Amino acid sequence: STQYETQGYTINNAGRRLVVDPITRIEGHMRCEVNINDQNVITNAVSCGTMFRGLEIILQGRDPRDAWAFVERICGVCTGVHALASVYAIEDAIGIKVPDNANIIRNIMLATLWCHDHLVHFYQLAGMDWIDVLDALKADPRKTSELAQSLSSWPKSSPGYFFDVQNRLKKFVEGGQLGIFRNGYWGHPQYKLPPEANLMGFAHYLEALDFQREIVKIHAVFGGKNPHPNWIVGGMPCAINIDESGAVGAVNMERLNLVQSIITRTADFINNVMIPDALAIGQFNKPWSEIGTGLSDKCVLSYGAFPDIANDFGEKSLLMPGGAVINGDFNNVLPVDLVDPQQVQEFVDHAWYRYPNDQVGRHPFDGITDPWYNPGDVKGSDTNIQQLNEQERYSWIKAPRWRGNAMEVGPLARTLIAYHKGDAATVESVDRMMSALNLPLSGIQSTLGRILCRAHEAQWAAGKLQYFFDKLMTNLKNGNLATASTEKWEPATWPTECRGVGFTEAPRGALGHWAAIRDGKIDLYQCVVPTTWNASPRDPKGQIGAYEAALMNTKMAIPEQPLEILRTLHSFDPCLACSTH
């Protein structure tokens, strides 16, 4: 066993080793190992991506116009965000400018994704970490109604409703067929909600499971289908026709009315169901404002997103701010440049990849994806990992760093960047939220904080949906219908050699696609995705990534039941297929 110091942590692999494999209620495949000391406190944390597909390899030799369709399948949960990054990257390489309505619709696609993704994560992925579903069977339906009504105007709060939900759960479990609730952590002492809050939460789990299906109708209108809508280089293919013959064949007033109806319902659900539930989780779990800080008080990163001025990716255009903080200095938000070779680099000294020199980090335009499954001694065999060897290669995830710093990305990161850049809406939202919880600002830099920020972002995005819709309708009223630029559709119009970067803020954080085009085909296509950052293994300096750091120093009540580990990991909303691609 060894011990070393990094980023204020003492990494110590003495003591009992715990393995959590598979990690569930995430997208894709993850393994986690920790060591705990004699006080059942985590002194070592190991983040491992247990899948790879090789999209960066598959994309070589494709037509750039096709790339969005391939990379969209990096992930079905953050569906569409890779298509957006791809069309941005190809347009940036070739020098294509899209019409305003295309940009607006792309923003609608991204805001819709934020709303949908964040809602499903809150209920279906993270929720059962905080809501004791089986304890809901002990709730008083009338007290449940009273609780709900104290927190929200939401209509669906009757005592009869909560009784009917409870009875549905009772009948479901009565035969022993507990399905997704089988062998859960129910009764664990870290479950702190009262029974009435558990029944309220469970009811809302079911409501959100139903309602999420409606949100993506917006993707179906503009993008054909969800999951995995369609896009084009040069704008969007959903041609508009409001007042001419054949409007039945296009995005017409009836189609736009459908979109408006979804937007209103989406805002109402998020504002009156998810937001109060997130605040309630906060009220009953205040100690988790001091658990899982990890890198969130040290290093956070946002590229920014939602350019409001079409084809302008500058600070005055992006509605979601970009920036980097390092060394805990939130008074100096630093500008990010994705072409600068000294900024974003990926290391593979602790990953299952080959570099000519694994002691140096490669900027994505110099990126290499040469898979090399080489776990070394794992106390088993190459096909039987009993204990990963975190001193050598232990993951299919590359290790991104920003100016050599390990960074956290995602909703908390973005909130902190926007807050410390002085975004008025963010400052007011955060201050009010932490006031309502009777917690200091610092309480946001936590596992609880990640959840709170995610909910508040869902609310932000639902607001922006209406703003973007109104912007679209303003253009249509002024007779501006264009949705595609085709001046540079044909390969004969492209530069023989060019490269470009497409970037955005996915639901889980900072996303970049780096593309090099040569002779009409993709020469290089490198992705660095938010969960790549957060779930990162170590680098040549032994620096730990966001997940490992957030797990460090965490008390476990019951080592064999990893509820605390799940809570913190789920708070980052891991997307493993994204992380590995």
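Start at 1 with the first residue shown and count on from there.
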item	value
Between the two ranges 290 to 298 and 117 to 125, the one averaging a larger CA B factor in the entry	290 to 298
Mean temperature factor over C-alpha atoms, higher-scoring stretch between 264 to 272 and 423 to 431	423 to 431
Deposited CA B-factor, highest of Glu207, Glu408, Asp164, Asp92	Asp164
Out of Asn257, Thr369, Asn327, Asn241, highest CA B-factor residue	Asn327
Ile558, C-alpha B-factor rank within chain (lowest, middle or highest third)	highest
Assigned third (lowest, middle, highest) for the C-alpha B factor of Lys521	middle
Chain third (lowest, middle, highest) by recorded CA B-factor, residue given as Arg168	highest
Where the record places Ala14 (Cα B-factor, split into thirds across the chain)	highest
Third of chain Cα B-factors occupied by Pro540	highest
